[PDB]
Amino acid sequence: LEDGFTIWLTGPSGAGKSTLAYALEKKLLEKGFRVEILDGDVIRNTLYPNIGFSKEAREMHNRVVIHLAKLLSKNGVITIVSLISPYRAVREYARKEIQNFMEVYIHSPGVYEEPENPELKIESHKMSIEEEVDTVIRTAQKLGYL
């Protein structure tokens, strides 16, 4: 891929973000792409499991994940981020840092802060995982990322 990009998953708890993230990785790998999944809880457990949940710790973790996605996306990798957070602030920061950025909002009918204008909105637990994956990939194609 001449240009990598980030697929940033967001939605309330239970919407299916984690499942979709890993299914996207499996499919895009099968297709021959360079792909990495940045699962927030995995990264935390691997790099600083005892950092705590203070504000400063939460924003450091956010900056680390975002920087990991920025470097991976600018070097031709498809970066799938599943970073647990209800807040828009981290997602707006991520979009400012990562040039090629595709936000996937899984909508279910702190309080979850909805995005303004995500690249893709999917209704939770309606379509099969395969259809969710195909919908994300078609959006990436429409955006010129794939």
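Throughout, we count residues from 1 along the sequence that is shown.
Per the record, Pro109 and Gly110 are separated by a gap of 10 or more residues from the deposited sequence that were not modelled. Stretches compared: 44 to 52, 116 to 124. Higher mean C-alpha B-factor in the entry: 44 to 52. Per the PDB entry, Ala57 shows the highest C-alpha temperature factor of the residues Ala94, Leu38, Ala57, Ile78. When the CA B factors of the chain's modelled residues are split into thirds, the value for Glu131 lands in the highest one. Sorting the modelled residues of the chain by their CA temperature factor places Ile66 in the middle third. Among the modelled residues of the chain, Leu83 sits in the highest third by CA temperature factor in this PDB entry.
Ranked within its chain, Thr10 lands in the lowest third, by CA B factor from the PDB record.
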